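Here the Cβ is made from the backbone with ideal geometry for all residues, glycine too, and neighbour counts use every protein chain on show. No lab work stands behind these numbers, since they all come straight from the coordinates.
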Amino acid sequence: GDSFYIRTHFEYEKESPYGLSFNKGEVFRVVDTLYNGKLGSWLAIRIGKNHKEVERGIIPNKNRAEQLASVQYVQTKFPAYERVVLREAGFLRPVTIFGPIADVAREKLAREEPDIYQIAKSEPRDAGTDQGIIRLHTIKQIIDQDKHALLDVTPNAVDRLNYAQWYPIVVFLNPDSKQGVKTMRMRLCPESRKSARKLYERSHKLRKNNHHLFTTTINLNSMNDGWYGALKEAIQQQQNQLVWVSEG
């Protein structure tokens, strides 16, 4: 009927009780432009995980959206509202893992299921640059071999991969505590020189500023290695979901 779907690329807080707040990356079915946006608002429905219709309310219209997005430095080449469409994944999506044991995760998957997973090589970081590592061709080589490319990349790389329509599966491994991290590292990678504190602080930063890129989250129990079996199921489950893709 009337409706179309959008993806937000700005954070917004409702100033009306009939409104809906949103984070970046949230999808909405715009159900009614409410007199062509002339009241400043649209009627939208929030789409939940497994694409179910969760909450209904008013959001800003396109003009006010574009205007609200001007003020936060959110470094994004995306429109404030992106026109968006559901599609079955037409290839094996690259997999990005974040959190205090993502390196162990990557290594274990590539070692134990070499037929399903392969670590994509990354470019050396250049001395005297920012906080372009994996080239697109490298990922294509792995995709064409019927495998998931494991990517050791930056949140900004993920954003960029989203923009180029490569839509990685992004898993966050959530730590219980700093101590938890230390304990898991002793058991899983005692040779590692990386700092448990640094990795824990980096995850807190990741969760707080960047949660909107996560496709899915697994909570770590530092007592046991159950996170691994759950990692393998989560990626398969994610690969089997329809994807929100840019329209046009």
Magnitude of the charge dipole, the chain, Cβ model with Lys/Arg +1 and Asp/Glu -1, debye to 20:
580 debye
Considering every Cα-Cα pair within the range 181-245, what fraction, in whole percent, is farther apart than 15 Å?
65 percent
If amide hydrogens are placed 1.01 Å from N in the peptide plane, which non-local residues have theirs closer than 5 Å to the one on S222?
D176
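Using DSSP to define loop residues, name the GluC sites (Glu not before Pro) in the range 161-248 whose beta-carbon has at most 16 other beta-carbon atoms within 10 Å.
When the GluC sites (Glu not before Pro) of the range 161-248 are filtered for loop state and at most 16 Cβ neighbours within 10 Å, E191, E247 remain.
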Based on the Cβ-Cβ distance from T216 to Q67, what FRET efficiency comes out when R0 is 30 Å, to the nearest 0.05?
0.40
For the range 85-183, max minus min Cα coordinate along each principal axis, in Å, sorted largest first?
41, 36, 29
Viscosity 0.692 mPa s, temperature 37 °C: give me the Stokes-Einstein translational D for the chain in µm²/s, with Rh taken as the Kirkwood radius over C-alpha pairs.
166 µm²/s
When each of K121/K198; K147/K182; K24/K49; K24/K194; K14/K208; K24/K205 is checked by Cα-Cα distance, pairs over 22 Å:
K121/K198; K147/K182; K24/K194
Gain in span if fully extended, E233 to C189, counting 0.36 nm per residue against the direct Cα distance:
13.6 nm
With every atom except the alpha carbons ignored, what do you get for Rg and Dmax of the range 54-140, in angstroms?
19.1, 51
Can you list the HN-Hα couplings for the range 165-175, worked out from phi with the Karplus curve (6.51, -1.76, 1.60; θ = phi - 60°), rounded to whole Hz and with x for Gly and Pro?
6, 9, 5, x, 7, 10, 9, 9, 9, 8, x
How large is ³J(HN,Hα), in whole Hz, for each residue of the range 21-35 in order, when computed from phi with the Karplus curve 6.51 cos²θ - 1.76 cosθ + 1.60 and θ = phi - 60°, using x for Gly and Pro?
6, 8, 7, 5, x, 6, 9, 9, 7, 7, 8, 6, 6, 6, 6
Could you run the Karplus curve 6.51 cos²θ - 1.76 cosθ + 1.60 with θ = phi - 60° over the range 147-162 and give me ³J(HN,Hα) per residue in whole Hz, x for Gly and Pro?
9, 7, 6, 7, 10, 9, 9, 9, x, 4, 4, 4, 2, 5, 5, 4
